[PDB]
Amino acid sequence: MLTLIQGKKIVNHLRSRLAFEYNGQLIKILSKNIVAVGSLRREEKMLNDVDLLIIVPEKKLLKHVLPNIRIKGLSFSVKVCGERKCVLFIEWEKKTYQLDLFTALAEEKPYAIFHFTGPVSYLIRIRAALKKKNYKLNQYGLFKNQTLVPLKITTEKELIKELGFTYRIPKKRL
């Protein structure tokens, strides 16, 4: 329904004008705390759904990151799920668009993108393939030899490297 650039402009403006009130204080969100994922990362031809990844430097702030969330110049409705799963729908004067965002910790930054780009299939194969090597991946880190080892990297590719597996392009979406 939308074009590649449509999603880019929308998301870029979304993360640029984003602000939530927590405990009465106005906490604004920007491109520094919000990253474009999903169709924005895959960059194909058409935009239908847009994903986003907001990182939080604190688990407390994470759970308190969606108290009074508001946009400046657009309407929306957010739905919190699990830990890092928040689905919202934006409304532009009777228009409606699906924006899926993940709320993660500053540490869960790579895994967030990994889960976003890779629906799950690639994660299944990697988890099952790594399982043989006693390596398991989880929303809360990877476990090897019964030892919880967190994703201590900077990006998606780096994360996959840490897992001891092969990385691919975000446009693969497996």
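Observations, loosely collected:
- Failed item, numbered, when residue 103 is tested on (1) farther than 23 Å from residue 167 by Cβ; (2) in a strand (DSSP E or B); (3) out of contact with any helix residue (DSSP H, G or I) (no Cβ under 6 Å at 6 or more places or on another chain): (3)
- For beta carbons closer than 7 Å, sequence separation of 6+ or different chains, a first residue in segment 57-75 that is over 12 Å from residue 105 (Cα atoms) and a second that is assigned to a loop (DSSP other than H, G, I, E, B), the qualifying pairs are 71/17; 72/17; 73/17.
- The condition (being outside the structural domain of residue 22 (by CATH) and touching a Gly at 6+ places or on another chain (Cβ under 8 Å)) is satisfied by just one residue among 135, 122: 135.
- Test for residue 101: is it in contact with a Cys (Cβ under 7 Å, 6 or more places away or on another chain) and either crowded, with 19+ Cβ neighbours inside 10 Å or over 20 Å from residue 170 (Cβ atoms) (or both): yes
- Taking segment 29-76 as the range and being over 11 Å from the mean Cα position of the chain (by Cα), surrounded by 12 or more Cβ atoms within 10 Å (Cβ to Cβ) and in a strand (DSSP E or B) as the test, the residues that pass are 29, 47, 49, 56, 68, 69, 70, 71, 75, 76.
- Selection count where residues are surrounded by fewer than 19 Cβ atoms within 10 Å (Cβ to Cβ) and either of a type outside the set (S, T, N, Q) or touching a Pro at 6+ places or on another chain (Cβ under 9 Å) (or both), scope segment 8-28: 13
- The requirement of being without any contact (Cβ under 8 Å) to a residue 60 or more places away in the chain, under 21 Å from residue 156 (Cβ atoms) and in contact with a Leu (Cβ under 6 Å, 6 or more places away or on another chain) is not satisfied by residue 37.
- Among the residues making up segment 127-174, those that are surrounded by 13 or more Cβ atoms within 10 Å (Cβ to Cβ), in contact with a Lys or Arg (Cβ under 6 Å, 6 or more places away or on another chain) and outside any strand (DSSP E or B) are 167, 170, 173.
- One residue stands out among those in segment 77-90 that are surrounded by fewer than 14 Cβ atoms within 10 Å (Cβ to Cβ) and part of a strand (DSSP E or B): the one that is nearest to the chain's Cα centre (by Cα), which is 81.
Numbers and lists here come from the model and the stated rules, or from a named source; nothing here is a laboratory result. Note: ideal-geometry Cβ built from the backbone for every residue, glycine included; neighbour counts use all protein chains shown.
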